[PDB]
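Asks: Please work out how this folds:
(2 chains)
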Protein chains: 2
Amino acid sequence: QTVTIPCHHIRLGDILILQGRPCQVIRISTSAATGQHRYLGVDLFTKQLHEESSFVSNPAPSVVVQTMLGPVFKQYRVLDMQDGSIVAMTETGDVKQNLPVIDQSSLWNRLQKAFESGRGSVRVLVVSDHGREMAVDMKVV
Amino acid sequence: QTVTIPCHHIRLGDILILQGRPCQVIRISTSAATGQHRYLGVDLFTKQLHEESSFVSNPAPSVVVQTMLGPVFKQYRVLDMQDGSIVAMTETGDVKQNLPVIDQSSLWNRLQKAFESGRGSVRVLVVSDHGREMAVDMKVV
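Replies: Numbering: from 1, shown residues only, chains lettered A, B, ... in the order given. Next comes the structure:
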């Protein structure tokens, strides 16, 4: 699923959906012709570049808002860490045996450190792309 | 009105509604007991300090989201600049004769510069607090 995000709350490094793909934003610019913002990002799965311009709405008199979509992150428990992948479990107990972890900002190493010190407290934040799931960040609850 | 904003899109300097008041955020911290985020901000009207903790929702299995509220900014045309206040007009033609401009980050000076160079293109972004309106930023359309 997705969440609508106002453009004045989007910064470099944020994750957005661009051309239907989850991407990390690496450049923000503004269209001289239309006033729309343009986002250039890196596909989290394929590492290809995508760009998309913002959506401009007028939901009421004197209200103009520009938005983009962001992904709804899922939060899974970590049961085991095997070989660059993890065994994760959903809140309802559904077991996911070989969930991949993104190579971005040393997440594997951070996750390992927090797991060996407090297993039951670690969570991974997961994005989905048309079936495929990947852990892209972590939390301690 | 208000907009729901995910906490991972809130940074220092953003405007949020805290204790029912529009405030500029000056400190973000995390509660050790609950995992909620706490926002300390400055009331745009009274300049008093307010704090509020985030709202934690679970709208679906394995989805946990923390949000805060932000204001819905209105966009008015600028017709005249008089003495620290402006004559503004809404999109429907409603005239506002003495709209105040916030003393923050030299907005008065920036607004003046853009007005004298391209009057018809300048807009002010306006927040409301229980009837009272104030211009808190500007745009060139």
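
Asks: Quick one: distance of stretch A:6-15 to the chain centre.
Replies: Centroid displacement of stretch A:6-15 relative to its chain, using C-alpha atoms, centre = their mean, to the nearest Å, is 12 Å.

Asks: what's the span of that stretch, first residue to last?
Replies: Start-to-end span of stretch A:6-15 (C-alpha to C-alpha, to the nearest Å) is 13 Å.

Asks: Please spell out which residues along that stretch are buried.
Replies: Of the residues in stretch A:6-15, A:6, A:7, A:8, A:9, A:10, A:14, A:15 count as buried by neighbour count, 16 or more other C-beta atoms under 10 Å in any protein chain shown. The way it works is simple: take the backbone N, C-alpha and C, and place the C-beta from them, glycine included.

Asks: need these in a markdown table with secondary structure and distance to residue A:68, can you?
Replies: As requested, the buried residues of stretch A:6-15 are exported to a markdown table (DSSP: H, G, I helix; E, B strand; the rest coil; distance: C-beta to C-beta, whole Å):
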| residue | secondary structure | distance to residue A:68 |
| --- | --- | --- |
| A:6 | strand | 8 |
| A:7 | helix | 6 |
| A:8 | helix | 11 |
| A:9 | helix | 10 |
| A:10 | coil | 6 |
| A:14 | coil | 9 |
| A:15 | strand | 11 |
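
Asks: ok, those vs residue B:53, which is closest?
Replies: residue A:9 (19.0 Å; C-beta to C-beta).

Asks: Am I right that the closest one is in contact with residue B:13?
Replies: No: between residue A:9 and residue B:13 there is no contact, the gap being 11.1 Å when judged by C-beta atoms under 8 Å.

Asks: Skipping its backbone neighbours, what lies nearest residue A:104 in space?
Replies: Nearest residue to residue A:104, sequence neighbours excluded (C-beta to C-beta, 6 or more residues apart in numbering or on different chains): residue A:136, at 7.0 Å.

Asks: helix/strand/coil for the one you found?
Replies: strand (DSSP: H, G, I helix; E, B strand; the rest coil).

Asks: For it, the count of nearby residues, please.
Replies: Residue A:136 has 21 neighbours, counted by other C-beta atoms under 10 Å in any protein chain shown.

Asks: which residues touch it?
Replies: Taking C-beta atoms under 8 Å, 6 or more residues apart in numbering or on different chains, we find residue A:136 in contact with A:15, A:44, A:73, A:102, A:104, A:107, A:125, A:126, A:127.

Asks: Only whichever of those residues are buried, select them in ChimeraX.
Replies: The buried residues among these can be selected in ChimeraX (16+ other C-beta under 10 Å) with this line:
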select /A:15,44,73,107,125,126,127
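
Asks: Which single one of the contacts of residue A:136 is nearest to residue B:90?
Replies: Proximity of the contacts of residue A:136 to residue B:90 (C-beta to C-beta) peaks at residue A:15, which lies at 35.9 Å.

Asks: So what sits opposite residue A:21 in the bridge?
Replies: Residues in a beta bridge with residue A:21, per DSSP bridges, are residue A:18.

Asks: That one and chain B, how far apart?
Replies: As for residue A:21, its distance to chain B is 19 Å (criterion: C-beta to the nearest C-beta, to the nearest Å).

Asks: near chain B, which residues of chain A?
Replies: Remark: the part of chain A in contact with chain B comprises A:3, A:5-6, A:9-11, A:14, A:35, A:61-65, A:70, A:72-76, A:90-92, A:141, using C-beta under 8 Å from any C-beta of the partner chain.

Asks: Mind checking which of those residues land in helices?
Replies: The members of those all map outside helices under DSSP state H.

Asks: among the residues you listed, which ones are buried?
Replies: A:3, A:5-6, A:9-10, A:14, A:62, A:64-65, A:70, A:73-76.
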